[PDB]
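Structure 1 and structure 2 below are the same protein chain in two forms, each given by itself as structure tokens.
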Structure 1
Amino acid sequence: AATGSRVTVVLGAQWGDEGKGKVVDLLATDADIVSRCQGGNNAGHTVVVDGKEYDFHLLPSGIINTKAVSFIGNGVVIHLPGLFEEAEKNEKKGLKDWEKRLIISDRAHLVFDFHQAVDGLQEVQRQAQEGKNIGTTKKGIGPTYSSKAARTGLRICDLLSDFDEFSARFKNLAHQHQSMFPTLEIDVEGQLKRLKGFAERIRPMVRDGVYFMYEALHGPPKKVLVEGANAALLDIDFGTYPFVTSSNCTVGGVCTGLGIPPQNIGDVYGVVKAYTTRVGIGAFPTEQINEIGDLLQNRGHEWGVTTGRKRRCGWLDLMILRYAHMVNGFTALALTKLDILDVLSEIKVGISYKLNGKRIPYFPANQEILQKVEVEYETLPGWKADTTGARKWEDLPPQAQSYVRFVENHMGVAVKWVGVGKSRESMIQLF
């Protein structure tokens, strides 16, 4: 085939925390290349191997495989210190020779220190005095993307090129920022100095990302895995704007983040949690602010890993799911946390939205509208049984099998994996 190898993609289908990491780790085992095409939220990911716990943010989970190549695409924004700070932390815990299995596209944009600063203050103004919240902060993701949009930002390739031309551009950049932000403090020579140090440290891992992926996809058959960032509803274009990240968290982001054509996209897996969760303020049609939600919240341990803030919980919402599929064209699904529902007598599933009495066939773009929809539910009987031990389709009880079919049928996408626990063994592959 002239096409060559097609990449396998894992994307979140809801508002994140679906359990993508579990699907990625399971697939990263026999993958030749494990990559990240979009930075997104740079949310954290914990991986356990041979008795060691690792924490990755910018680094692909697959960096664990010493037999695979880890690749950061051009679509990921990178903060040098944060990167090495992350590399060093995991290294001193077991990760060895990572600098020999990590490749970085030279077209990736750089998140400078002042970006994080401009991002740290914007929040202490936008929502520091009874203001509305939006996305993450102190990471400087948005600001970096803003610089990219303005064609004012700097990339890895620029850093590794003539440092004289880089310095002049960096200064100009920081200058413009101090203009738009008078209360912004920038240790110019200090940062510029720390960067030149970073340039040399990173240079051996940088390559032309487009040529690198093209070669990998057109040489002998290879297995490339792309771990999607965040989820569909957190997508800059398609998520519940403005409560979204600054990058595409959907399938198109694979093409723009790696520089590969659509024909080189193969399996696209949608990770669907058996119920819905969301972080922060915003419309949440199926939200359950009652005993059910507390139960899903508790049994699912739905709270920020670091802050401990509880996540909002609600019933599975098919309108979100179908929308995510329209955009991503999932070829298969990974239904996770089915076990959380082991305890319920009946489970509700939102099947459609009604607006001013009438049923609408689309997922509303604006918040005000999305906040007004009336959910139409379909009550299903529960299995009232422990599924944590199931390891095959036949092990699941009749009402649980029906729950899975219900998802497949209404989404038009087959379920390939059913998650019944945290351990990688607690995953059932249906085909």
Structure 2
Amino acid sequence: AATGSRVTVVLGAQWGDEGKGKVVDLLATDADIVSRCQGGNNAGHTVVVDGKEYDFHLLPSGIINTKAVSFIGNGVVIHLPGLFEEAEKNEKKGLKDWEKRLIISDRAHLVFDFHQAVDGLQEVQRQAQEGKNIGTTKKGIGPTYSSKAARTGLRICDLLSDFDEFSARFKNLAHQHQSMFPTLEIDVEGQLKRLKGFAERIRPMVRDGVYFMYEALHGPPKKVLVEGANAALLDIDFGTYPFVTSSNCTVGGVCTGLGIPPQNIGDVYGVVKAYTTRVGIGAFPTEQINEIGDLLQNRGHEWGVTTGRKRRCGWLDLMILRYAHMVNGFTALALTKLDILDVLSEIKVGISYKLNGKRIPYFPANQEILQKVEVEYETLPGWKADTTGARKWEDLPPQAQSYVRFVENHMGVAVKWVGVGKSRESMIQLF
């Protein structure tokens, strides 16, 4: 009561695209507030309800709920054009009056056109040299966060304030990036002029995030939902550095991105796919480059929800799962895409790693090591049956139930939900 109302969190336990948009949407139906705390439009959250399919990137997935306000915390990095582009895309799909239910924290940073530009420049520059890069989405997320750290970036509040002072700051930040990539050209006045538009357009939805969020957690009880982006192993600190994103997708990112204390955090749900996927470059212990990987890739439709780039696929990997829990402290799990395994006669799942006939004690801080480990697999009987229609724990068949426990057990975290489809109803609740 004195502490306040506690926040419910939905986070990624692997390398993103675990189905956070799906889980968030299910819990949002109730929610008074749904918000984002980290990342930018590099994120890609797909929601499927009553026949329509959405794909949000900056917009909180609860935006769909008219009876709820959607929030974008200070931790997030926003690319104005990209924001509106996304809104338009969804408006022409049924989304209406979203503006009246969207709130932008005035402390969040801005992804400027050139940030996205140098991001690409940075990638090709890495390829043309090492012949190996990160595999960024080229949305400037990296550069924006690096600008933020340097305290050179610009924030929503700076945009609404005196444009003259803004334009000066803008001028210098642009000239600075050009110093890194003297090839990078920037049409200052163009962007600047378009920015003034965006400013006056974004202005009504902007507010003090700290105050806003504080008022909501200490006033009359409210159901607040925090939608995480990316995932645990993509976390700037704990992920497979440097093959990660530039924000803390782990639980700390919630306090960082919204400005709320730990006691105001309640249930922390770890969304975990029934198998593993990674879109960018970097170590992937269980990766299956064969007919299996192809099957998962195809039955799971694991491809660029925009670019069409198929994602790397592999078996379930408990090492990353447990390491993710050590950092996040999940209160319960969301096990998604079980239906994808309905076909397999037997399912393997990585339980531990060993370097030289030697089982390593914990997840490697050095990603380069992770790339040289031999994983020990456990082979589990498949249930070989269609579960897309299961809606209760008893609908699921033997091996299927055992597969849930298996995950539930080796992670020492109970599974609260089981996903068997993309839509809101294609979900089973264990308790």
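The term rigid core refers to the most C-alpha atoms you can superpose between the two forms while keeping them within 1.5 Å. Here, a residue number simply tells you its place in the sequence of structure 1, counted from 1.
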Entry of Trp315, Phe330, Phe170, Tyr353 that shows, once the rigid core is matched between the two structures, a C-alpha shift of 2 Å or more: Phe170
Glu215 C-alpha shift between the two structures of 2 Å or more, rigid core reference: no
Rigid core fit then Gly304 CA moved by 2 Å or more between the two structures: no
Residue shift check between the two structures, rigid core fit, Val47 Cα at least 2 Å: yes
Value in Å for the CA shift of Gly135 between the two structures, taken after the core is superposed: 4.1
Value in Å for the CA shift of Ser35 between the two structures, taken after the core is superposed: 0.5
Rigid-core-superposed Cα shift at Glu85 between the two structures, Å: 3.0
